[PDB]
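Read the structure below first, then the notes.
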Amino acid sequence: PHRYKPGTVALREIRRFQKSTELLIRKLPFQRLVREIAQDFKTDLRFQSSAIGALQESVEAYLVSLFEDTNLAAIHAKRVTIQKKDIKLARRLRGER
Amino acid sequence: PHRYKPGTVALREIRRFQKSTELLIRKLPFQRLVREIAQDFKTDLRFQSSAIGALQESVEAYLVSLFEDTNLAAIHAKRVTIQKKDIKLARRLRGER
Amino acid sequence: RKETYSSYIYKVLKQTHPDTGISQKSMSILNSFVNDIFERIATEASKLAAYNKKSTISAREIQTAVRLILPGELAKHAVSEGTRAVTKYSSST
Amino acid sequence: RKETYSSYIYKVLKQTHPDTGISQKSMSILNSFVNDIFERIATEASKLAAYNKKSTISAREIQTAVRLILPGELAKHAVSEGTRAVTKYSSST
Amino acid sequence: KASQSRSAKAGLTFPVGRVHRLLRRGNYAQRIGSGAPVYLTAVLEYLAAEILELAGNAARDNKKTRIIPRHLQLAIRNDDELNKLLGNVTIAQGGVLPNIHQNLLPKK
Amino acid sequence: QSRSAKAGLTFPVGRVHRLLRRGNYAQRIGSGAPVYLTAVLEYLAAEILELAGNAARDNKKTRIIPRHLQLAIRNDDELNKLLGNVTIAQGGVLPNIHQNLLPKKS
Amino acid sequence: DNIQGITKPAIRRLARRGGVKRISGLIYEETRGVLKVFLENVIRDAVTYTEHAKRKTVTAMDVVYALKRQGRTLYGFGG
Amino acid sequence: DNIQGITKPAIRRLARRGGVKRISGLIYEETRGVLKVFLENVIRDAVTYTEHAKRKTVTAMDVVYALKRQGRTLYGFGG
DNA sequence: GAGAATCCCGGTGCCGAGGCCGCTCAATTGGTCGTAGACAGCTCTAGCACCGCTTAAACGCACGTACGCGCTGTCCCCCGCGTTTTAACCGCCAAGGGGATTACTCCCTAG
DNA sequence: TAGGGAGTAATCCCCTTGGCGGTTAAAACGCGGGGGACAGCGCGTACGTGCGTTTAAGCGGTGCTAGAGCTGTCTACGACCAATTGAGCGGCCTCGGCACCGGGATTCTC
């Protein structure tokens with residue numbers, strides 16, 4: 001049959017996800033995560049769905065900004081693949097230690 | 001015929017200037033610079049003496065804060081020497097554009 | 001009772017685009033936006049009026065605040081629109 | 001005729017260190033640290049009092065404010081110190 | 001004897017007296033001048049008009065009659081001064097711009 | 001009888017009450033709130049003075065210099081987190097040398 | 001399985017929204033730790049706002065003020 | 001010629017404050033490029049502050065007020 | 001093994017950091033009144049829990065090819081250093097221009 | 001309807017803008033040599049690609065009750081006002097901590 005170059009259908013998937021605006025994290029594991037992390041500070045705590053939504057959009061926006069900064073720091077480092085030392089450099093030069 | 005290796009006296013004077021805390025910029029050319037950048041907006045400007053020292057402390061602190069980050073960027077770039085892309089990478093990761 | 005800027009925002013887009021609908025989410029985005037500029041301008045003006053040892057907030061205080069907060073191009077358009085509106089309001093004679 | 005805080009911080013210094021002296025630039029630095037954390041804590045108290053629809057500032061909004069603005073060990077230590085002061089004043093009414 | 005509001009006296013469609021009410025019981029100063037709510041009303045009206053103009057041609061560029069926050073997000077971040085104003089704010093359901101760095105393309 | 005002495009604190013509760021009242025933050029202002037604010041200001045001033053005092057006693061001098069204040073403000077992680085957005089005049093920077101920039105071997 | 005409740009292609013989805021090309025395998029638990037350390041700072045402020053309000057439920061406004069605290073303010077749910 | 005007021009050994013003085021063994025010779029013109037902008041951004045928000053006070057001299061109080069507006073509240077000279 | 005280059009120990013004005021008294025406003029005490037937070041009490045939205053069908057997404061094993069990384073060889077440009085030379089800085093005198101402040105007015109903003 | 005807050009203005013005195021001059025750290029400039037960044041080439045494996053195989057997200061539907069939210073009423077905390085006493089600002093006065101200078105011990109570098 002006919003195949004594709006590794007690194008070409010990746011660009012199609014990148015442009016598909018960047019034209020898209022849909023949410024990329026599943027709702028129920030995220031709600032379990034925020035309830036298990038809110039159990040540490042105060043028990044018997046209920047939640048509202050728009051609060052979970054605001055938390056979710058905040059975290060994916062911060063993750064997208066961090067991933068763009070890591071990509072920029074990695075292509076500064078004469079490479080293509082991102083590694084954890086670029087994550088540490090981006091967090092160190094972003095202020096959050 | 002005693003010649004030092006390049007960079008040893010650099011590290012030694014680095015140690016003395018880590019001990020030292022005085023101002024490193026000449027005062028009167030800095031006054032000339034702030035007057036010549038201030039005449040563009042309203043002529044016949046008077047200047048207090050303490051404000052120029054506050055400005056000098058501000059630019060020295062901002063130099064130190066940016067220079068530490070570009071040092072970390074150049075260390076991360078597998079080099080001993082800084083360059084222009086280290087500077088705009090530090091300004092990009094700090095968020096100063 | 002709850003307050004929104006929905007009708008005023010509505011007529012604002014009706015002068016510029018008559019055949020244009022609006023989303024409720026977009027209306028909430030716009031309401032949060034105008035409220036944020038309002039609280040920023042108000043705290044800048046109150047802080048400046050406290051800094052000049054004055055107990056009155058006037059038009060020149062928010063004039064300096066608009067010069068301070070907004071970038072220069074949108075700043076002089078904003079103060080131009082404000083000056084024509086204020087001089088039109090002050091002609092009650 | 002400006003007011004300064006020099007006598008109180010000098011008394012605190014001589015309470016903790018009976019030999020160490022201070023300079024005027026250090027005096028201005030710590031006075032500006034005091035006025036800085038004062039305006040930050042009071043601005044947060046005003047904003048939080050506006051959030052809960054109340055016109056009265058008490059110790060409760062400021063203990064919430066020191067819980068959220070300070071790091072942890074300073075927050076619990078300041079809560080303990082201020083609650084001790086509150087019970088000492090209310091006992092000595 | 002009956003006369004209309006201050007907004008059409010200033011020729012504005014945003015509420016002047018409501019801005020004055022929010023300024024007076026917003027607890028910013030103990031005395032509020034007369035011309036300040038008119039100036040603030042004009043400034044916020046102009047900013048809303050400019051934002052809705054940008055959302056307008058952003059939505060005509062997608063061939064639609066309604067405003068989605070995709071259009072608001074685009075009209076914010078393709079303009080540089082609104083980029084400088086709204087740098088630290090995140091918009092609800094906005095996404096990102098289509099961008100790719102030059103060396104990451106299949107240059108050959 | 002002074003309210004600071006009735007609270008056991010050394011800071012002017014009346015001054016901070018006047019500064020809170022005449023500063024346009026709320027219509028009404030409590031009575032124990034300036035006392036409590038006086039207490040937390042006294043505690044923070046005492047902790048900062050204690051750290052600066054130890055930093056002065058380690059460096060053989062008996063006078064507080066802003067370099068000692070910067071040394072006492074940067075060696076504590078909590079105070080670095082609180083005051084990371086400030087700059088001390090003539091304070092200096094902590095001495096640090098990277099191991100890659102350190103030359104030779106062993 | 002709560003900390004790793006975020007599945008393996010989800011960090012990939014957030015990565016290609018961030019415009020990366022090649023992803024390493026050791027980033028995933030580190031991004032999980034970064035996520036949990038951001039979430040720890042956010043919801044601590046959120047539940048302090050919650051117990052000040054004499055409530056045991058976290059509704060829509062004390063979270064948007066919580067992200068309004070550190071300069072990461074989000075629009076739309078301010079009412 | 002007055003724009004050459006900051007001098008190359010003073011840039012070396014700032015460079016040996018940061019702790020770097022080797023400094024390339026084209027950093028010195030880059031360091032001026034990041035300076036004439038940045039202090040400019042306090043001159044945009046100082047003298048207009050001065051212009052609001054009917055004031056034709058800048059002093060020690062309005063400059064630290066401008067830095068507090070920018071985000072670098074500084075200690076030492078009042079305010 | 002030698003040599004710059006430091007850390008260390010002792011003598012010197014000094015000048016800027018501790019008392020001190022004079023005293024002038026600002027914190028303290030008391031009283032009165034009008035409302036705002038506290039508490040009780042009430043009506044219904046909405047959040048938690050659970051069952052079940054559908055299925056699209058996710059896990060896992062398999063392999064194949066770039067791409068990260070190890071080594072290398074070379075221009076070459078920063079680096080340490082001697083020599084001019086140029087403006088920075090300290091001591092100082094003199095002006096005058098602009099900030100602080102006192103003081104009465106009246107309008108316009110609070111109610 | 002009231003009253004007090006900008007506002008105008010004049011006066012004093014303080015600092016700061018120019019102008020000296022000498023001298024002196026200190027920048028500018030040219031020069032030899034040595035590691036560093038430069039491109040280039042090979043070794044292998046880690047990431048992407050794929051189909052089989054779960055699985056547990058999603059819809060959606062229902063059942064129940066905590067708890068948000070609103071209303072009523074109350075009284076005690078706090079704004080406001082007048083008299084007062086003391087304490088913290090300031091001007092002035094006096095001296096020892098620290099920088100500065102000089103000269104010998106001591107540690108890296110070559």
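FYI, nothing fancy with the structure tokens labels: chains A, B, ... in order, residues from 1 per chain, ligands from 1 as they appear.
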
Could you please write out, as JSON, numbers by chain, every residue of region 50-83 of chain C that DSSP assigns to alpha helix (DSSP H)? {"C": [50, 51, 59, 60, 61, 62, 63, 64, 65, 66, 67, 68, 69, 72, 73, 74, 75, 76, 77, 78, 79, 80, 81, 82, 83]}

List every residue of chain J that has an atom at most 12 Å from any atom of chain H, and for each one report the closest atom pair and its distance in Å to one decimal, counting only C-alpha atoms (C1' of nucleotides), with rows sorted by chain and then by increasing residue number, as a tab-separated table.
```
residue	atom	partner	partner_atom	distance
J:15	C1'	H:57	CA	11.5
J:16	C1'	H:57	CA	10.4
J:17	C1'	H:57	CA	11.7
J:26	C1'	H:9	CA	9.2
J:27	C1'	H:9	CA	7.4
J:28	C1'	H:8	CA	10.2
J:35	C1'	H:22	CA	11.2
J:36	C1'	H:22	CA	10.3
J:37	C1'	H:24	CA	11.9
```

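Our summary of the geometry notes that CA of residue 51 (chain C) is positioned 22.2 Å from CA of residue 71 (chain C).
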
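For the pair chain H and chain G, the all-Cα root-mean-square deviation following least-squares superposition comes to 1.0 Å.
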
Closest atom pairs, region 39-102 of chain I residues within 12 Å of region 63-73 of chain J, only C-alpha atoms (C1' of nucleotides), as a Markdown table:
```
| residue | atom | partner | partner_atom | distance |
| --- | --- | --- | --- | --- |
| I:39 | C1' | J:73 | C1' | 9.6 |
| I:40 | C1' | J:72 | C1' | 9.1 |
| I:41 | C1' | J:71 | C1' | 8.8 |
| I:42 | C1' | J:71 | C1' | 8.1 |
| I:43 | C1' | J:70 | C1' | 8.4 |
| I:44 | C1' | J:69 | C1' | 9.6 |
| I:45 | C1' | J:68 | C1' | 7.7 |
| I:46 | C1' | J:68 | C1' | 9.0 |
| I:47 | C1' | J:66 | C1' | 8.5 |
| I:48 | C1' | J:64 | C1' | 9.1 |
| I:49 | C1' | J:63 | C1' | 9.0 |
| I:50 | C1' | J:63 | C1' | 9.2 |
```

For chain D, list the residues within 10 Å of chain H, counting only C-alpha atoms, and write the list as a PDB file with C-alpha atoms, in the first residue's frame.
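So the final result, stored in out13.pdb, reads:
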```
ATOM      1  CA  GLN D  24      19.128  55.081  58.124  1.00  0.00           C
ATOM      2  CA  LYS D  25      18.944  53.320  54.750  1.00  0.00           C
ATOM      3  CA  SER D  26      18.060  50.082  56.556  1.00  0.00           C
ATOM      4  CA  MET D  27      15.481  52.113  58.502  1.00  0.00           C
ATOM      5  CA  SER D  28      13.860  53.357  55.288  1.00  0.00           C
ATOM      6  CA  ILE D  29      14.008  49.859  53.740  1.00  0.00           C
ATOM      7  CA  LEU D  30      12.180  48.222  56.649  1.00  0.00           C
ATOM      8  CA  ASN D  31       9.718  51.139  56.908  1.00  0.00           C
ATOM      9  CA  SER D  32       8.876  50.697  53.225  1.00  0.00           C
ATOM     10  CA  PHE D  33       8.500  46.929  53.818  1.00  0.00           C
ATOM     11  CA  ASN D  35       4.014  50.225  54.495  1.00  0.00           C
ATOM     12  CA  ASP D  36       4.124  47.750  51.547  1.00  0.00           C
TER      13      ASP D  36
END
```
